[PDB]
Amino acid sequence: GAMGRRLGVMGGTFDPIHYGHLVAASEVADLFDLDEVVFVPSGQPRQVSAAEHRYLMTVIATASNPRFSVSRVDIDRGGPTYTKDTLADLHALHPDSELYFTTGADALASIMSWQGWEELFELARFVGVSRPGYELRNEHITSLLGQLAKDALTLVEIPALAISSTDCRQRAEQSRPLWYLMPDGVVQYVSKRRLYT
């Protein structure tokens, strides 16, 4: 892009993926002049749907966008997902790109608290996304994340993240419509495979 080779890495369980995630990816790509956003469904952790389901929904959701792709690195590694391993794996595939690891602000707080912050900032820049008013509801998480990272971490508020996977699962459970919360292909996957019933 305008600032050199840059790759977004959208880490999440994606159970299910929804337009909130897709809007967040689009926003972060625009904000940081990213060339591509790679969606990386996380390993098995509630019990999340089987990995292949979450992979396929993400493939279906992102297929039409030339600037989105999906990586199996976390689901195929085996065992729990450590963001250091995700980033190590993607650096090896894209050694000439700066990595921008993107996930929910709550998850970013967990990653940074025990994963090994200093080694993480060697591998990537970090982007935490949330619904608006995150800083107001989480004063101290926000300021602590800011102190640790400085220029390497950025928090971004996305109105469309009012759409949550938790709400989508409940809608599916209750047979309420998922139309226009996610692509029809994902609505149908959820329906066809009976995911949250």
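In this text, residue numbers run from 1 along the sequence as written.
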Point to revise | Continuity check for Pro45 and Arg46, given as deposited residues lacking coordinates between them | key: 4 to 9
Practice item. Identify the stretch, either 140-148 or 153-161, whose C-alpha atoms have the larger mean B-factor according to the entry. Key: 140-148
Point to revise | Selected stretch [higher average CA B-factor]: 78-86 or 111-119 | key: 111-119
Point to revise | Third assignment of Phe32 from its chain's C-alpha B-factors | key: middle
Point to revise | Lowest, middle or highest third - CA B-factor, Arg131 | key: highest
